[PDB]
>>> print(open('upload34.txt').read())   # compact mmCIF, C-alpha atoms and all ligand atoms
# COMPACT_ATOMS: atom_id res chain seq x y z
CA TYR O 5 5.63 -32.45 -19.67
CA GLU O 6 9.23 -33.47 -18.91
CA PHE O 7 8.43 -33.84 -15.19
CA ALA O 8 5.46 -36.12 -15.87
CA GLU O 9 5.69 -39.87 -15.72
CA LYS O 10 2.39 -39.90 -17.64
CA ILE O 11 -0.84 -37.96 -18.27
CA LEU O 12 -3.91 -39.25 -16.38
CA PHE O 13 -6.54 -37.01 -17.97
CA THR O 14 -6.23 -34.45 -20.74
CA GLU O 15 -8.16 -31.17 -20.57
CA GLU O 16 -10.87 -32.41 -22.94
CA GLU O 17 -11.41 -35.59 -20.90
CA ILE O 18 -11.72 -33.52 -17.71
CA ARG O 19 -14.15 -31.19 -19.54
CA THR O 20 -16.25 -34.15 -20.73
CA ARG O 21 -16.48 -35.69 -17.26
CA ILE O 22 -17.24 -32.42 -15.47
CA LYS O 23 -20.13 -31.97 -17.88
CA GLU O 24 -21.61 -35.40 -17.05
CA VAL O 25 -21.15 -34.75 -13.34
CA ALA O 26 -22.80 -31.30 -13.50
CA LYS O 27 -25.71 -32.92 -15.39
CA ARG O 28 -26.19 -35.42 -12.52
CA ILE O 29 -25.93 -32.72 -9.87
CA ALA O 30 -28.60 -30.78 -11.82
CA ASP O 31 -30.92 -33.79 -12.00
CA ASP O 32 -30.34 -34.49 -8.32
CA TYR O 33 -31.12 -30.96 -7.13
CA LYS O 34 -34.11 -30.51 -9.38
CA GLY O 35 -36.42 -31.41 -6.51
CA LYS O 36 -34.92 -28.72 -4.29
CA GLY O 37 -36.18 -25.89 -6.47
CA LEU O 38 -32.85 -24.02 -6.37
CA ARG O 39 -33.31 -20.38 -7.32
CA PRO O 40 -31.00 -17.35 -7.63
CA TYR O 41 -30.95 -14.94 -4.71
CA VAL O 42 -33.30 -16.95 -2.49
CA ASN O 43 -32.19 -20.58 -2.82
CA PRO O 44 -28.89 -21.00 -4.62
CA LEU O 45 -26.76 -24.10 -4.16
CA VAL O 46 -23.86 -22.88 -2.05
CA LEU O 47 -20.60 -24.10 -3.60
CA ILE O 48 -17.84 -24.22 -1.02
CA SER O 49 -14.52 -24.07 -2.92
CA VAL O 50 -11.63 -25.53 -0.92
CA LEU O 51 -8.55 -23.41 -1.69
CA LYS O 52 -6.02 -23.55 -3.06
CA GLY O 53 -6.53 -26.71 -5.07
CA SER O 54 -10.19 -26.46 -5.86
CA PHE O 55 -9.86 -23.11 -7.70
CA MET O 56 -9.72 -24.54 -11.22
CA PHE O 57 -12.28 -27.33 -10.81
CA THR O 58 -14.61 -24.81 -9.14
CA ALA O 59 -14.31 -22.29 -12.03
CA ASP O 60 -15.07 -24.91 -14.69
CA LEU O 61 -17.73 -26.72 -12.63
CA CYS O 62 -19.77 -23.58 -11.80
CA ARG O 63 -19.90 -22.89 -15.53
CA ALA O 64 -21.01 -26.47 -16.35
CA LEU O 65 -23.60 -26.12 -13.55
CA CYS O 66 -24.75 -22.86 -15.10
CA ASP O 67 -25.15 -24.70 -18.44
CA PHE O 68 -27.82 -26.77 -16.72
CA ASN O 69 -29.48 -23.79 -15.07
CA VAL O 70 -28.31 -24.66 -11.56
CA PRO O 71 -28.02 -21.27 -9.74
CA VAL O 72 -25.03 -21.10 -7.38
CA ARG O 73 -23.45 -18.84 -4.78
CA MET O 74 -19.69 -19.25 -4.32
CA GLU O 75 -17.96 -19.42 -0.97
CA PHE O 76 -14.17 -19.67 -0.89
CA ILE O 77 -12.46 -21.19 2.13
CA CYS O 78 -8.85 -22.16 2.56
CA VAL O 79 -7.59 -25.26 4.32
CA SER O 80 -4.04 -26.53 4.48
CA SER O 81 -2.62 -29.99 5.31
CA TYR O 82 0.07 -31.10 2.85
CA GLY O 83 1.98 -27.82 2.68
CA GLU O 84 5.13 -28.22 0.55
CA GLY O 85 5.05 -31.97 0.99
CA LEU O 86 3.70 -35.12 -0.62
CA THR O 87 1.87 -36.65 2.36
CA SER O 88 -0.77 -35.57 4.90
CA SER O 89 0.69 -33.77 7.91
CA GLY O 90 -2.03 -35.46 9.93
CA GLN O 91 -3.26 -31.93 10.71
CA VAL O 92 -5.89 -29.88 8.87
CA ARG O 93 -5.61 -26.08 9.15
CA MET O 94 -8.52 -23.69 8.53
CA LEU O 95 -6.94 -20.59 6.94
CA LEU O 96 -10.24 -19.03 5.82
CA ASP O 97 -13.85 -20.05 6.68
CA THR O 98 -17.12 -19.05 4.90
CA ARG O 99 -18.19 -15.38 4.79
CA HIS O 100 -21.83 -16.26 5.38
CA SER O 101 -23.71 -18.87 7.36
CA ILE O 102 -24.60 -22.12 5.65
CA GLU O 103 -27.49 -22.70 8.09
CA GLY O 104 -30.62 -23.67 6.20
CA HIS O 105 -28.91 -23.72 2.82
CA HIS O 106 -28.04 -26.55 0.42
CA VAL O 107 -24.26 -26.78 0.45
CA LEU O 108 -21.94 -28.64 -1.90
CA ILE O 109 -18.22 -28.73 -1.02
CA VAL O 110 -16.08 -28.78 -4.19
CA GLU O 111 -12.71 -30.52 -3.82
CA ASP O 112 -9.91 -31.38 -6.25
CA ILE O 113 -8.84 -34.63 -4.56
CA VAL O 114 -9.49 -36.86 -1.55
CA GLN O 115 -6.99 -39.35 -0.19
CA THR O 116 -6.73 -39.86 3.58
CA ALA O 117 -10.00 -37.88 3.88
CA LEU O 118 -8.61 -36.00 6.85
CA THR O 119 -9.46 -32.71 5.07
CA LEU O 120 -13.07 -33.52 4.06
CA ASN O 121 -13.67 -35.21 7.43
CA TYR O 122 -12.46 -32.12 9.24
CA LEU O 123 -14.69 -29.97 7.03
CA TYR O 124 -17.77 -32.21 7.37
CA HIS O 125 -17.62 -32.34 11.12
CA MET O 126 -17.32 -28.56 11.17
CA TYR O 127 -20.10 -27.76 8.70
CA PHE O 128 -22.54 -30.47 9.80
CA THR O 129 -22.88 -28.74 13.18
CA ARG O 130 -23.99 -25.56 11.36
CA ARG O 131 -27.25 -27.15 10.24
CA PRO O 132 -27.20 -26.65 6.49
CA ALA O 133 -30.35 -27.82 4.61
CA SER O 134 -28.08 -30.51 3.15
CA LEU O 135 -24.36 -31.16 2.77
CA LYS O 136 -22.83 -32.99 -0.15
CA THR O 137 -19.35 -33.19 -1.74
CA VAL O 138 -18.02 -33.39 -5.26
CA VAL O 139 -14.36 -34.40 -5.65
CA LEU O 140 -12.58 -34.31 -8.98
CA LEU O 141 -10.18 -37.09 -7.96
CA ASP O 142 -10.52 -39.88 -5.45
CA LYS O 143 -7.75 -42.15 -4.22
CA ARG O 144 -10.24 -44.75 -2.81
CA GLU O 145 -7.65 -46.84 -0.98
CA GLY O 146 -5.81 -43.99 0.70
CA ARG O 147 -8.24 -43.44 3.57
CA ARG O 148 -7.13 -42.93 7.15
CA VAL O 149 -10.72 -42.09 8.09
CA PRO O 150 -13.78 -43.11 6.09
CA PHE O 151 -15.36 -40.73 3.66
CA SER O 152 -17.67 -41.26 0.72
CA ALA O 153 -18.03 -38.27 -1.59
CA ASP O 154 -21.35 -37.75 -3.30
CA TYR O 155 -19.86 -37.17 -6.75
CA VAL O 156 -16.50 -38.46 -7.96
CA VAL O 157 -15.27 -37.46 -11.38
CA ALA O 158 -12.61 -40.15 -11.35
CA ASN O 159 -10.95 -42.75 -9.11
CA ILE O 160 -7.16 -42.88 -9.31
CA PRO O 161 -4.11 -44.84 -7.99
CA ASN O 162 -2.27 -43.60 -4.92
CA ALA O 163 0.53 -41.89 -6.94
CA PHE O 164 1.18 -38.12 -6.76
CA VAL O 165 -0.91 -36.25 -9.35
CA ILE O 166 -0.45 -32.62 -10.43
CA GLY O 167 -2.07 -30.11 -12.76
CA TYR O 168 -5.54 -28.61 -13.00
CA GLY O 169 -5.26 -27.02 -9.54
CA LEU O 170 -3.33 -29.85 -7.88
CA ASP O 171 0.16 -28.98 -6.71
CA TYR O 172 3.37 -30.36 -5.36
CA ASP O 173 4.99 -27.57 -3.36
CA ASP O 174 2.66 -24.92 -4.87
CA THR O 175 3.86 -25.70 -8.37
CA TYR O 176 2.15 -27.21 -11.45
CA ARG O 177 -1.33 -26.05 -10.46
CA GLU O 178 -1.64 -24.25 -13.83
CA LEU O 179 -1.36 -27.24 -16.14
CA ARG O 180 -4.38 -27.98 -18.34
CA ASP O 181 -4.11 -31.74 -17.87
CA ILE O 182 -3.77 -33.94 -14.78
CA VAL O 183 -0.44 -35.74 -14.77
CA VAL O 184 1.64 -38.10 -12.63
CA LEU O 185 4.68 -36.28 -11.27
CA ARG O 186 7.91 -38.31 -11.58
CA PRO O 187 9.26 -39.22 -8.12
CA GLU O 188 12.72 -38.09 -9.27
CA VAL O 189 11.44 -34.53 -9.73
CA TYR O 190 9.78 -34.20 -6.35
CA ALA O 191 12.61 -36.13 -4.62
CA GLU O 192 15.21 -33.65 -5.91
CA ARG O 193 12.98 -30.89 -4.53
CA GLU O 194 12.27 -32.67 -1.24
CA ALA O 195 16.03 -33.17 -0.93
CA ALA O 196 16.90 -29.54 -1.75
CA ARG O 197 14.27 -28.46 0.73
CA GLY O 198 15.82 -30.72 3.40
CA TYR H 5 -30.39 -14.24 -20.25
CA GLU H 6 -33.69 -12.58 -19.31
CA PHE H 7 -31.98 -10.61 -16.52
CA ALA H 8 -29.53 -9.04 -18.96
CA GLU H 9 -30.07 -5.95 -21.06
CA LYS H 10 -27.08 -6.72 -23.29
CA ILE H 11 -24.16 -9.07 -24.02
CA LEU H 12 -20.72 -7.50 -23.60
CA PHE H 13 -18.39 -10.43 -24.28
CA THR H 14 -19.08 -14.08 -25.06
CA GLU H 15 -16.97 -16.87 -23.53
CA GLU H 16 -15.14 -17.18 -26.86
CA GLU H 17 -14.24 -13.52 -27.08
CA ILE H 18 -13.06 -13.57 -23.43
CA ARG H 19 -11.00 -16.72 -24.12
CA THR H 20 -9.22 -15.13 -27.11
CA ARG H 21 -8.33 -11.85 -25.38
CA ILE H 22 -6.93 -13.65 -22.30
CA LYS H 23 -4.66 -15.60 -24.63
CA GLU H 24 -3.43 -12.36 -26.23
CA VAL H 25 -2.81 -10.82 -22.81
CA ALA H 26 -1.10 -14.02 -21.64
CA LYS H 27 1.20 -13.96 -24.70
CA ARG H 28 1.95 -10.33 -23.88
CA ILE H 29 2.79 -11.11 -20.24
CA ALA H 30 4.96 -14.01 -21.46
CA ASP H 31 7.00 -11.79 -23.81
CA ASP H 32 7.34 -9.06 -21.18
CA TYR H 33 8.91 -11.55 -18.77
CA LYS H 34 10.97 -13.38 -21.43
CA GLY H 35 14.26 -12.10 -20.01
CA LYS H 36 13.38 -12.30 -16.29
CA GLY H 37 14.61 -15.89 -15.86
CA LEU H 38 11.36 -17.38 -14.51
CA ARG H 39 11.67 -20.88 -13.04
CA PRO H 40 9.42 -23.08 -10.89
CA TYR H 41 10.06 -23.35 -7.15
CA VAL H 42 12.81 -20.71 -7.13
CA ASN H 43 11.50 -17.97 -9.41
CA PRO H 44 7.85 -18.24 -10.45
CA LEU H 45 5.55 -15.43 -11.56
CA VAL H 46 3.38 -15.02 -8.46
CA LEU H 47 -0.30 -14.52 -9.25
CA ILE H 48 -2.19 -12.81 -6.47
CA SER H 49 -5.81 -13.56 -7.23
CA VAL H 50 -8.08 -11.11 -5.46
CA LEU H 51 -11.13 -13.05 -4.23
CA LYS H 52 -13.84 -13.58 -5.05
CA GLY H 53 -14.44 -12.13 -8.52
CA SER H 54 -11.10 -12.94 -10.17
CA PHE H 55 -11.46 -16.64 -9.37
CA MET H 56 -12.65 -17.45 -12.87
CA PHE H 57 -10.37 -15.08 -14.77
CA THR H 58 -7.41 -16.48 -12.81
CA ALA H 59 -8.27 -20.12 -13.56
CA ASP H 60 -8.34 -19.36 -17.25
CA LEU H 61 -5.36 -16.97 -17.21
CA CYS H 62 -2.93 -19.29 -15.41
CA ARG H 63 -3.71 -21.96 -18.00
CA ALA H 64 -3.10 -19.43 -20.80
CA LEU H 65 0.18 -18.45 -19.14
CA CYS H 66 0.94 -22.17 -18.94
CA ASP H 67 0.48 -22.35 -22.75
CA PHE H 68 3.41 -19.96 -22.99
CA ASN H 69 5.46 -21.94 -20.46
CA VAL H 70 5.36 -19.17 -17.89
CA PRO H 71 5.82 -20.92 -14.48
CA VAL H 72 3.33 -19.49 -11.98
CA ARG H 73 2.60 -19.62 -8.26
CA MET H 74 -1.05 -19.16 -7.32
CA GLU H 75 -1.95 -17.07 -4.32
CA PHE H 76 -5.44 -16.14 -3.25
CA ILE H 77 -6.21 -13.26 -0.98
CA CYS H 78 -9.43 -12.38 0.75
CA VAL H 79 -10.19 -8.86 1.87
CA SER H 80 -13.05 -7.19 3.67
CA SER H 81 -14.30 -3.71 4.38
CA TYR H 82 -13.63 -2.32 7.87
CA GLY H 83 -17.07 -0.75 8.06
CA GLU H 84 -18.24 1.77 5.42
CA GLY H 85 -17.04 5.37 5.32
CA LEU H 86 -14.08 4.50 7.54
CA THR H 87 -11.39 4.91 4.93
CA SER H 88 -10.89 7.12 1.95
CA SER H 89 -7.60 5.36 1.20
CA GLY H 90 -9.29 2.08 0.23
CA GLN H 91 -7.78 0.29 3.23
CA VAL H 92 -9.15 -3.23 3.61
CA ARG H 93 -8.88 -5.96 6.25
CA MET H 94 -6.75 -8.94 5.18
CA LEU H 95 -8.59 -12.18 5.88
CA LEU H 96 -6.24 -14.28 3.78
CA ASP H 97 -2.85 -13.17 2.43
CA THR H 98 -0.18 -14.87 0.31
CA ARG H 99 1.16 -18.18 1.62
CA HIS H 100 4.73 -17.32 0.58
CA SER H 101 6.57 -13.99 0.76
CA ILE H 102 6.68 -12.06 -2.52
CA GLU H 103 9.93 -10.38 -1.52
CA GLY H 104 12.31 -10.78 -4.43
CA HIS H 105 9.75 -12.29 -6.76
CA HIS H 106 7.97 -11.15 -9.90
CA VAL H 107 4.41 -10.42 -8.84
CA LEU H 108 1.21 -9.91 -10.80
CA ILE H 109 -2.04 -9.02 -9.02
CA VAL H 110 -5.11 -10.50 -10.79
CA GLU H 111 -8.45 -8.66 -10.58
CA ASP H 112 -11.73 -9.02 -12.44
CA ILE H 113 -12.59 -5.31 -12.59
CA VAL H 114 -11.30 -1.91 -11.51
CA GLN H 115 -13.36 1.26 -11.35
CA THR H 116 -12.65 3.52 -8.37
CA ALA H 117 -9.37 1.63 -7.91
CA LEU H 118 -9.53 2.57 -4.25
CA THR H 119 -8.91 -0.96 -3.03
CA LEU H 120 -6.68 -2.10 -5.88
CA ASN H 121 -4.44 0.94 -5.33
CA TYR H 122 -4.17 0.16 -1.62
CA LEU H 123 -3.34 -3.50 -2.37
CA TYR H 124 -0.78 -2.46 -4.95
CA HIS H 125 1.08 -0.18 -2.55
CA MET H 126 0.89 -2.76 0.22
CA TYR H 127 2.58 -5.48 -1.77
CA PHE H 128 4.98 -2.86 -3.24
CA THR H 129 6.30 -2.15 0.26
CA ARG H 130 7.08 -5.88 0.59
CA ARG H 131 9.94 -5.49 -1.91
CA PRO H 132 9.02 -7.88 -4.76
CA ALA H 133 11.43 -8.04 -7.75
CA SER H 134 8.56 -6.58 -9.80
CA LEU H 135 4.83 -5.84 -9.29
CA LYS H 136 2.22 -5.33 -11.99
CA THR H 137 -1.55 -5.77 -12.16
CA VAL H 138 -3.74 -7.44 -14.71
CA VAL H 139 -7.46 -6.64 -14.63
CA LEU H 140 -10.14 -8.19 -16.80
CA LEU H 141 -12.36 -5.14 -17.22
CA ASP H 142 -11.41 -1.52 -16.77
CA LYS H 143 -13.94 1.24 -16.18
CA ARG H 144 -11.23 3.87 -16.72
CA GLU H 145 -13.59 6.81 -16.16
CA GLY H 146 -14.59 5.73 -12.68
CA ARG H 147 -11.40 6.44 -10.79
CA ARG H 148 -11.56 7.99 -7.33
CA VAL H 149 -7.79 7.72 -7.01
CA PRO H 150 -5.35 7.56 -9.93
CA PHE H 151 -4.41 4.03 -10.88
CA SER H 152 -3.28 2.30 -14.03
CA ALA H 153 -3.43 -1.45 -14.58
CA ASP H 154 -0.48 -2.82 -16.55
CA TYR H 155 -2.50 -5.28 -18.59
CA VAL H 156 -6.23 -5.08 -19.33
CA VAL H 157 -8.42 -7.48 -21.34
CA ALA H 158 -11.12 -4.89 -22.08
CA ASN H 159 -11.93 -1.23 -21.27
CA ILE H 160 -15.66 -0.76 -20.67
CA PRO H 161 -18.12 2.02 -19.84
CA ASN H 162 -19.86 2.37 -16.48
CA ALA H 163 -22.51 -0.31 -17.03
CA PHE H 164 -23.21 -2.88 -14.28
CA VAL H 165 -21.67 -6.07 -15.60
CA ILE H 166 -22.16 -9.60 -14.37
CA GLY H 167 -20.88 -13.02 -15.32
CA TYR H 168 -17.44 -14.58 -15.54
CA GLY H 169 -16.79 -14.16 -11.81
CA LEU H 170 -18.52 -10.76 -11.61
CA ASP H 171 -21.61 -10.63 -9.44
CA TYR H 172 -24.63 -8.63 -8.48
CA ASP H 173 -25.62 -9.47 -4.90
CA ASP H 174 -23.52 -12.69 -5.08
CA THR H 175 -25.55 -13.89 -8.07
CA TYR H 176 -24.43 -14.62 -11.69
CA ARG H 177 -20.66 -15.16 -11.06
CA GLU H 178 -20.98 -18.54 -12.81
CA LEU H 179 -22.02 -17.23 -16.22
CA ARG H 180 -19.61 -18.10 -19.02
CA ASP H 181 -20.24 -14.64 -20.58
CA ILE H 182 -20.06 -10.99 -19.40
CA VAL H 183 -23.39 -9.20 -19.72
CA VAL H 184 -25.04 -5.97 -18.54
CA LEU H 185 -27.57 -6.30 -15.74
CA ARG H 186 -31.05 -5.04 -16.65
CA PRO H 187 -31.60 -1.84 -14.64
CA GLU H 188 -35.08 -3.27 -14.07
CA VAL H 189 -33.38 -6.07 -12.15
CA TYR H 190 -31.05 -3.79 -10.21
CA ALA H 191 -34.02 -1.65 -9.08
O1 LIG O 201 -7.77 -36.36 1.77
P1 LIG O 201 -6.52 -35.72 2.24
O2 LIG O 201 -5.41 -36.68 2.51
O3 LIG O 201 -6.69 -34.73 3.32
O4 LIG O 201 -5.95 -35.00 0.97
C1 LIG O 201 -6.69 -34.07 0.19
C2 LIG O 201 -6.29 -32.57 0.53
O5 LIG O 201 -4.86 -32.34 0.35
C3 LIG O 201 -4.70 -31.43 -0.72
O6 LIG O 201 -4.63 -30.04 -0.20
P2 LIG O 201 -3.41 -29.28 0.44
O7 LIG O 201 -3.48 -29.63 1.88
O8 LIG O 201 -2.20 -29.75 -0.26
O9 LIG O 201 -3.76 -27.85 0.11
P3 LIG O 201 -3.97 -27.09 -1.18
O10 LIG O 201 -5.36 -27.24 -1.71
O11 LIG O 201 -3.78 -25.66 -0.92
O12 LIG O 201 -3.02 -27.49 -2.21
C4 LIG O 201 -5.92 -31.62 -1.56
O13 LIG O 201 -6.13 -30.44 -2.33
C5 LIG O 201 -7.01 -31.80 -0.55
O14 LIG O 201 -7.53 -30.63 0.08
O1 LIG O 202 -12.30 -0.70 -8.39
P1 LIG O 202 -13.52 -0.75 -7.54
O2 LIG O 202 -14.28 0.49 -7.72
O3 LIG O 202 -13.33 -1.17 -6.13
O4 LIG O 202 -14.52 -1.90 -8.15
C1 LIG O 202 -14.08 -3.20 -8.53
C2 LIG O 202 -13.79 -4.13 -7.33
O5 LIG O 202 -14.91 -4.38 -6.46
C3 LIG O 202 -15.55 -5.62 -6.83
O6 LIG O 202 -15.40 -6.67 -5.82
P2 LIG O 202 -16.35 -6.94 -4.61
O7 LIG O 202 -16.08 -5.88 -3.65
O8 LIG O 202 -17.67 -6.86 -5.22
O9 LIG O 202 -15.87 -8.30 -4.14
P3 LIG O 202 -16.01 -9.62 -4.82
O10 LIG O 202 -14.94 -9.76 -5.89
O11 LIG O 202 -15.82 -10.69 -3.84
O12 LIG O 202 -17.33 -9.76 -5.46
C4 LIG O 202 -14.88 -6.18 -8.05
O13 LIG O 202 -14.89 -7.64 -7.93
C5 LIG O 202 -13.50 -5.52 -7.85
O14 LIG O 202 -12.82 -5.97 -6.72
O1 LIG O 203 -1.71 -36.89 -5.61
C1 LIG O 203 -1.86 -35.84 -4.95
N1 LIG O 203 -1.57 -34.53 -5.46
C2 LIG O 203 -1.85 -33.34 -4.86
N2 LIG O 203 -2.29 -33.23 -3.61
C3 LIG O 203 -2.54 -34.46 -3.05
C4 LIG O 203 -3.17 -34.71 -1.80
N3 LIG O 203 -3.24 -36.06 -1.70
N4 LIG O 203 -2.67 -36.71 -2.68
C5 LIG O 203 -2.33 -35.71 -3.61
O1 LIG O 204 -20.02 -3.36 -13.12
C1 LIG O 204 -19.63 -3.96 -12.12
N1 LIG O 204 -19.96 -5.27 -11.97
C2 LIG O 204 -19.59 -6.07 -10.93
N2 LIG O 204 -18.90 -5.63 -9.85
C3 LIG O 204 -18.49 -4.35 -10.02
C4 LIG O 204 -17.52 -3.65 -9.26
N3 LIG O 204 -17.48 -2.41 -9.77
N4 LIG O 204 -18.29 -2.24 -10.80
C5 LIG O 204 -18.85 -3.50 -11.05
MG MG O 205 -6.92 -28.77 -0.97
MG MG O 206 -1.36 -29.18 -2.00
MG MG O 207 -13.32 -8.50 -6.33
MG MG O 208 -18.99 -8.29 -6.18
>>> encode(input="upload34.txt", output="structure tokens")
Amino acid sequence: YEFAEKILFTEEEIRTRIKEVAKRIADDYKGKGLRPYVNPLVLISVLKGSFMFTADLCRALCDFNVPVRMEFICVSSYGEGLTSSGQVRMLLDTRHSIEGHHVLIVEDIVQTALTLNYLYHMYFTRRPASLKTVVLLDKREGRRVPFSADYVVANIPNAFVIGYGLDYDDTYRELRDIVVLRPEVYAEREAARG
Amino acid sequence: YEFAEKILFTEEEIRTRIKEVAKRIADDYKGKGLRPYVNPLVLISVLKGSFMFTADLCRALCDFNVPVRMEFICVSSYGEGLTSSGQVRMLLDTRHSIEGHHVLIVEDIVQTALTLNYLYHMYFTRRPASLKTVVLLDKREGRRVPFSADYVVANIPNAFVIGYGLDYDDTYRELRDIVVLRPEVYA
């Protein structure tokens, strides 16, 4: 990748970690007696970024016999930029009610936690049986509001990461690996956009 | 897979065919001058079934250096027996305009093509540079309106398939494989 300063995680590494994480989620939900049709774990995929993690994670969950039901929502905050707008926009909410169900929000990354905080305060009022979160990437020290995800695949530095669903101006989401975008690349774009 | 009467395609077989299709798409757009930011191949993933096919496809397209832009759309029925035309309510449309861009709609399966045909025409009226569709499975004999997909991973008969994004009552989308639902289950 010419635009990458460096590769954080290759596809195999990501695959390996998602497996371990799905195994834990399976052990943790064993006592809930999740079952298809009547008691699936509701996975809430936060678009656009969570699309790839969600696809690979539901399969790893399936490997461990954890029955799921997918809900796709869409929330926007960064837009074409590199930093939080300070605003979280709900572009698409769940199709069904989460009341009484075990819900697990699936996110690609958490930084300021404005997004997950907005989501949690919205969904908690809906009375789900339980509400947890799994984030592929966590920038621990980037919080503007506190938030502790239930499952973190990896902690990372505050630099701008792309690939595997993560974008910079709706680009690079397709990469198989997670990489650090060179500031010179995004700066040229930010400039051209300005 | 106790709930399945038969295995259609294993994860491996699916994986291989998507690569072939992706190489095809790549070659077909070789002269179109695709570039990130300014001229990407816009993928319009039709939720919810194509979510898995799209994740794998965009990565396959990436293997062939085809720069893509992911869009996800969510549609809904207006209310049963209200349209012949396959008209659907748009709950979520493309974030950017497709006008002037090369567009590829991504679907998991097409049978009646009622909705896919409506979606196709809709985006067509938005004046994209080009518009094609890629569907994972094609039940060619089930059409209720004429429609051809430009790229197809596999043609299949009218069996009820599940897995790899495809569901039966919102169940089984997470399977790595595509299998046929036991009629005993769907009864
Ligand atoms: O913790 P925060 O600071 O809120 O940052 C995390 C959010 O920002 C990104 O989404 P974005 O708003 O860019 O939307 P996207 O998923 O469509 O790319 C990321 O995918 C998270 O949803
Ligand atoms: O060509 P057709 O005869 O319409 O059949 C195929 C279409 O319908 C199904 O989606 P569904 O309505 O089940 O939505 P979903 O993808 O969210 O499951 C399937 O996912 C395709 O969209
Ligand atoms: O590094 C990063 N890459 C992509 N999106 C975001 C959001 N927060 N920080 C990001
Ligand atoms: O066989 C099939 N499996 C899953 N969804 C659909 C849509 N049309 N036909 C289907
Ligand atoms: Mg996001
Ligand atoms: Mg983003
Ligand atoms: Mg569908
Ligand atoms: Mg369906």
>>> atom_distance(input="upload34.txt", atom1="atom CA of residue 143 of chain H", atom2="atom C5 of ligand LIG 202 (chain O)")
10.7 Å
>>> atom_distance(input="upload34.txt", atom1="atom CA of residue 34 of chain H", atom2="atom CA of residue 21 of chain H")
19.8 Å
>>> atom_distance(input="upload34.txt", atom1="atom CA of residue 38 of chain O", atom2="atom CA of residue 59 of chain H")
25.9 Å
>>> residues_around(input="upload34.txt", residues="residue 109 of chain O", least_positions_apart="5", cutoff="6 Å", atoms="all atoms listed in the file", output="list in words")
residues 47, 48 and 137 of chain O
>>> write_last_selection(input="upload34.txt", atoms="C-alpha atoms", output="compact mmCIF listing (two decimals), keeping the file's coordinate frame")
# COMPACT_ATOMS: atom_id res chain seq x y z
CA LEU O 47 -20.60 -24.10 -3.60
CA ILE O 48 -17.84 -24.22 -1.02
CA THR O 137 -19.35 -33.19 -1.74
>>> closest_atom_pairs(input="upload34.txt", of="chain O", to="ligand MG 206 (chain O)", cutoff="6 Å", atoms="only C-alpha atoms and all ligand atoms", output="CSV")
residue,atom,partner,partner_atom,distance
O:82,CA,O:MG206,MG,5.4
O:83,CA,O:MG206,MG,5.9
O:171,CA,O:MG206,MG,5.0
O:172,CA,O:MG206,MG,5.9
>>> interface_residues(input="upload34.txt", of="chain O", to="chain H", cutoff="6 Å", atoms="all atoms listed in the file", output="JSON, numbers by chain")
{"O": [56, 59, 62, 63, 178]}
>>> residues_near_ligand(input="upload34.txt", ligand="ligand LIG 201 (chain O)", cutoff="6 Å", atoms="all atoms listed in the file", output="list in words")
residues 51, 52, 53, 80, 81, 82, 83, 88, 112, 113, 114, 115, 116, 117, 118, 119 and 171 of chain O
>>> closest_residue(input="upload34.txt", among="H:24, H:31, H:15, H:111", to="ligand MG 208 (chain O)", atoms="all atoms listed in the file")
H:111
>>> closest_residue(input="upload34.txt", among="O:29, O:73, O:39, O:151", to="residue 121 of chain O", atoms="all atoms listed in the file")
O:151
>>> closest_atom_pairs(input="upload34.txt", of="chain H", to="ligand LIG 204 (chain O)", cutoff="6 Å", atoms="all atoms listed in the file", output="Markdown table")
| residue | atom | partner | partner_atom | distance |
| --- | --- | --- | --- | --- |
| H:115 | CA | O:LIG204 | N3 | 5.7 |
| H:163 | CA | O:LIG204 | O1 | 5.5 |
| H:164 | CA | O:LIG204 | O1 | 3.4 |
| H:165 | CA | O:LIG204 | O1 | 4.0 |
| H:166 | CA | O:LIG204 | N1 | 5.4 |
| H:170 | CA | O:LIG204 | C2 | 4.9 |
| H:171 | CA | O:LIG204 | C2 | 5.2 |
>>> residues_around(input="upload34.txt", residues="residue 141 of chain O", least_positions_apart="3", cutoff="10 Å", atoms="all atoms listed in the file", output="list in words")
residues 111, 112, 113, 114, 115, 138, 144, 155, 156, 157, 158, 159, 160, 161, 165, 170 and 182 of chain O
>>> closest_residue(input="upload34.txt", among="H:133, H:140, H:160, H:109", to="residue 43 of chain H", atoms="all atoms listed in the file")
H:133
>>> residues_near_point(input="upload34.txt", point="(4.2, -39.3, -20.2)", cutoff="10 Å", atoms="only C-alpha atoms", output="VMD selection string")
chain O and resid 5 to 12 183 to 186
>>> closest_residue(input="upload34.txt", among="O:87, O:14, O:101, O:69", to="ligand LIG 203 (chain O)", atoms="all atoms listed in the file")
O:87
>>> closest_residue(input="upload34.txt", among="O:164, O:65, O:94, O:105", to="residue 24 of chain O", atoms="only C-alpha atoms")
O:65
>>> residues_around(input="upload34.txt", residues="segment 144-150 of chain H", least_positions_apart="3", cutoff="9 Å", atoms="all atoms listed in the file", output="number ranges by chain")
H: 89, 114-118, 121, 159-162
>>> closest_residue(input="upload34.txt", among="O:136, O:84, O:149, O:196", to="ligand LIG 203 (chain O)", atoms="all atoms listed in the file")
O:84
>>> decode(input="upload34.txt", residues="segment 75-83 of chain H", atoms="C-alpha atoms", output="JSON list (two decimals), in the first residue's frame")
[["chain", "number", "residue", "atom", "x", "y", "z"],
["H", 75, "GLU", "CA", -22.91, 2.16, -0.38],
["H", 76, "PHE", "CA", -25.61, 0.34, 1.53],
["H", 77, "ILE", "CA", -29.26, 0.76, 0.83],
["H", 78, "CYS", "CA", -32.22, -0.41, 2.84],
["H", 79, "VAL", "CA", -35.62, -0.93, 1.28],
["H", 80, "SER", "CA", -39.00, -1.98, 2.55],
["H", 81, "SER", "CA", -42.32, -3.12, 1.16],
["H", 82, "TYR", "CA", -45.12, -0.53, 1.06],
["H", 83, "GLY", "CA", -47.70, -3.08, 2.17]]
